[PDB]
Amino acid sequence: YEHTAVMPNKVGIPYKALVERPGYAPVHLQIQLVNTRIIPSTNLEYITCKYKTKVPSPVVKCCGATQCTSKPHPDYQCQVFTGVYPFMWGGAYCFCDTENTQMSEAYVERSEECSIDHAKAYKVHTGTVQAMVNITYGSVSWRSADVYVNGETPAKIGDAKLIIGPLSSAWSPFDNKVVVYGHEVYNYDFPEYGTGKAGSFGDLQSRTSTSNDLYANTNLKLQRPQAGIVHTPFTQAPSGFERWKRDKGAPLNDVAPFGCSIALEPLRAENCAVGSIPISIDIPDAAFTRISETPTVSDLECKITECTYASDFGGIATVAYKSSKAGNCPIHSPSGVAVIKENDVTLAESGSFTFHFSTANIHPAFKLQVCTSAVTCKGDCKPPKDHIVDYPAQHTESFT
Amino acid sequence: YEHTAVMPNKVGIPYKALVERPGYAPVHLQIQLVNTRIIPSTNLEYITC
């Protein structure tokens, strides 16, 4: 009875399949893939952020030169300068007039915002998708368990053992190269660590926040201070993190395909509705009811009464139930034409009980399996009027 | 279900149409045009006496 089932990847709607175990009473499913969070394999390549030209205070030798050296600070720009007369609080102070030397030095450093407000590149591989699958199973009526997709993983949470996927729809909405910012995720071809052109994205490129080493192509060019005054002309491109916040591109949670949402959290891409998942469950046999205890319902009749050719469960149909015992009777349309809101219907001794459903074909000729009794609920449906609210329960469009 | 209906202009009698909304139970109308007062556009030109 290990109920294999191909199953559409779509998040917010149950998939009430039916266990046709030969010998005992069938049992309905209710498989709602409440989430499709993905979490691909990734690598933190480098944080970037806007620089801060945290200038070390220049040297001023008063009569003669002060040769600079290339200190190992990131992008340590330093250039000796002569021909000053530095006004500092008493007019000038160095008594020479051309031998007055000024050595300006400036290096690039991570902002304090780099720790917290920072873009973040990644080389993104495929990884392994997940889900908090609820099944309000059978008469168990509950399990809300986190699972995987790889087609040999069980998750014995509740009582049922369930194996999912691998899904066929391998579209990772993440590209190979991704930039990430706070919550807005950008599938951007970041240039690389160690290379980013100044002004362009990644002018600062630190491996992480702690990493004292980095790559700072900022085109930081010191110029001589003017007219014998102490200061430090640092001529520099404002960061490619400054832009990339107001001349950027749009976020993947606003431009992705096939229906995904995003988080700066394990780097999941939630709820990506695409393709199918070959899902298979091993039910606990204890949860089964033996066949000789559920009422046999045959010699019945089914008919629509007001079929709504729609998404919400507007389709209805009375069923002239013709039972033997009285009790519950799980139901399902093995044809995917009709999706039913009721998993189970209570029965007195051969009464009648309408259920709700939804279809996509004008003439819904769908079988209905009322606990081992098939029936065609043939009829005709009506279009609605009022179509602006969230996503459907029908999801069965085909040739009609 | 915005129930369009051509409807005879006649005052003192209801017009009990029926709402055939696909999906829910229909509902009857009872439209009685109790009055057809007109009030055209006019102009006081002159009193006489």
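A few points about this structure:
- Other-chain or far-sequence residues with amide H under 5 Å of A:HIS3's (modelled H): A:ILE281, A:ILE283
- Computed E for B:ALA5/A:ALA263 - FRET, C-beta separation, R0 51 angstrom, nearest 0.05: 0.45
- Among the chymotrypsin sites (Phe, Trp or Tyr not before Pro) in segment A:201-260, those placed in a DSSP loop whose Cβ has at most 15 other Cβ atoms within 10 Å are A:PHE258.
- Assuming charge only on the beta carbon of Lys and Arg (+1) and of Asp and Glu (-1), the dipole of segment A:106-147 about its Cα centre is about 320 debye to the nearest 20.
- Note on segment A:85-174: with charges restricted to the Cβ of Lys and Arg (+1) and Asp and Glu (-1), its dipole about the Cα centre is near 940 debye.
- Gyration tensor (alpha-carbon) shape descriptor, the protein assembly as shown, a/c threshold 1.5: oblate
- Peptide A:377-383 has a mean shielding of 1, counted as Cβ atoms of other protein chains within 10 Å of each residue's Cβ.
- Considering only A:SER280, A:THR346, A:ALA92, and ranking their Cα positions along the charge dipole of chain A that arises from unit charges at the beta-carbon of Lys, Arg, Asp and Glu, the one farthest toward the positive end is A:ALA92.
- Only the Cβ atoms of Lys and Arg (+1) and of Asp and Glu (-1) were treated as charged; on that basis the dipole of the protein assembly as shown about its Cα centre amounts to roughly 320 debye.
- Of A:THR69, A:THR305, A:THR296, the residue with the greatest mean-square motion in the GNM of chain A, using alpha carbon springs below 10 Å, is A:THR69.
- For B:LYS16, a cut-off of 25 angstrom between C-alpha atoms picks up these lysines, skipping any fewer than 8 places away in its own chain: A:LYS382, A:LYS385.
- FRET efficiency, 1/(1 + (r/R0)^6) with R0 30 Å, evaluated for A:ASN212 and A:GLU99 via beta carbons: 0.20
- Taking a straight line from the alpha carbon of A:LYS322, these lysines sit under 21 Å away, with near neighbours fewer than eight places off in the same chain left out: A:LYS303, A:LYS367, A:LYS378.
- Here the label points at B:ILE31 and A:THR195, each 7 Å from Cα along the C-beta direction, are separated by 7.2 nm in the simple model.
- Here is the list for segment A:331-400: chymotrypsin sites (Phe, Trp or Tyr not before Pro) lying in DSSP coil, each with at most 11 other C-beta atoms within 10 angstrom of its C-beta, are A:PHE399.
- The distance between label points at A:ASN253 and A:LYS303 comes to 5.2 nm (points 7 Å beyond Cα on the Cα→Cβ vector).
- Cα-based reach from A:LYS50 at 24 Å (exclusive), listing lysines while leaving out same-chain residues under 8 positions away: A:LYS71, A:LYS120, A:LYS123, A:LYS177, A:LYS197, A:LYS221, A:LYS245, A:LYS248
- For chain B, fraction of C-alpha pairs farther apart than 15 Å, in %: 63
- Most mobile listed residue (A:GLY23, A:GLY196, A:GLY138) in chain A, GNM with C-alpha springs under 10 Å: A:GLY23
- Net charge contributed by nearby residues that have their C-beta within less than 10 Å of A:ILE163 (K/R +1, D/E -1): -2
- Estimated [θ] at 222 nm from DSSP helical runs (n ≥ 4, -39500 (n - 2.57)) normalised by residues in chain A, nearest 500: 0 deg cm²/dmol
- For segment A:196-215 and segment A:3-45, distance of Cα centres in Å: 44
Computed from the coordinates by the stated procedures, all read-outs in this text should not be read as laboratory data. Reconstructed Cβ throughout: ideal geometry from the backbone, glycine too, with neighbour counts over all protein chains shown.
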